[PDB]
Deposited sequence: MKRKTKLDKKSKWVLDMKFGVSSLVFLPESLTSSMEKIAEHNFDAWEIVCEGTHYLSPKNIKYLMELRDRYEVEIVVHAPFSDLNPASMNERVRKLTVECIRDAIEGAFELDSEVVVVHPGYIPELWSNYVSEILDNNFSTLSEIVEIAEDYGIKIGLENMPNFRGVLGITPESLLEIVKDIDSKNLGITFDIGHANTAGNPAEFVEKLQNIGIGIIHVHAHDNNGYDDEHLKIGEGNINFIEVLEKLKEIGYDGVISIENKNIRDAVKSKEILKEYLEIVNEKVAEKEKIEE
């Protein structure tokens, strides 16, 4: 069990050496904007992971991309952008790439079934690329918002369909799980999809909006959630997603305190 930060906290050099001066076991680089996995950023990150020693997880680009689009060119562009992230991950010796499910476009709200086919198509094409590069894709459960796919474990199954691959699993977002139901009841079901939970996002909210609050500032029972993870022997990374560095560091300590309280129970 290792703790990380999403660089989502702004430019890269501006955010990186400031994160590095703390004690996070892993960095989650989100492949967007100025943090994009360009050659320059790969080389910069490659040298940073040598001065220090940390694990890297990469978050694929997601913004203004729809894996589930009826527009074929939008789908093709989505695989192309996610290919950049997988390649960077490969170069970075990273082993996990986080990917978002798509959404139902307004024009095609009555054709949810065929929208799901689209997302499946794109995801297969992407998992195929992950297989070439020995990279695992963690499909991420989404916050409860109108039109978005993969809110529920059941809807995640409908995108995953019959994909049988040692390279497809789940990124468990605890915060998103709270907008849809009880975050502890997601663990069993998500672990039963593909290779199961291979990455975790940690943040808090009040069960309605994706607020990304500091741990404790919402109503998620994290103690209970850590229990379900320790139950399934989750050795991966718990990555923190907050609005600023200090809240993330406060989240770090608080969650490492709950891990203390968890492990002593097994006596």
Discussion item. Comparing the deposited sequence against the modelled residues, what ranges come up empty for C-alpha?
Written reply: 1 to 16, 26 to 28, 287 to 293
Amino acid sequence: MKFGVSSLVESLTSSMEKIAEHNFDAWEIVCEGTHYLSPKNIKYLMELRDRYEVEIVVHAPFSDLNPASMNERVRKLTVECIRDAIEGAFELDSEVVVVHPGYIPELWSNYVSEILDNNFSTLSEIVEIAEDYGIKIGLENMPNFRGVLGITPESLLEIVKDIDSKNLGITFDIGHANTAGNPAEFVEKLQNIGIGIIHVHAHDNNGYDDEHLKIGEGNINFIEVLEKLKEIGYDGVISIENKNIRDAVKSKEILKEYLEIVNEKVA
From here on, numbers count along this sequence of modelled residues.
Practice prompt. Output the stretch having the higher mean C-alpha B factor in the entry; the candidates are 159 to 167 and 97 to 105.
Written response: 159 to 167
Discussion item. Test of understanding: from the entry's C-alpha B-factors, which stretch has the higher mean, 73 to 81 or 142 to 150?
Written reply: 142 to 150
Practice prompt. Report the option among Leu226, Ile198, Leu37, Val58 whose CA atom has the maximum B-factor in the deposited record.
Written response: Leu226
Discussion item. By the CA temperature factor listed in this entry, which of these ranks top: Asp64, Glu241, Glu32, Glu53?
Written reply: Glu53
Discussion item. Considering every modelled residue of the chain and its Cα B-factor in the PDB entry, is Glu185 in the lowest, middle or highest third?
Written reply: highest
Practice prompt. Rank-wise, by C-alpha B-factor, drop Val237 into the lowest, middle or highest third of its chain.
Written response: middle
Practice prompt. Could you look up the Cα B-factor of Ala68 in the entry and say which third of the chain it sits in: lowest, middle or highest?
Written response: lowest
Practice prompt. Just say lowest, middle or highest third for the CA B-factor of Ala202 relative to the other modelled residues in its chain.
Written response: middle
Item to complete: Sort the modelled residues of this chain by their C-alpha B factor and say whether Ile42 lands in the lowest, middle or highest third.
Response: lowest
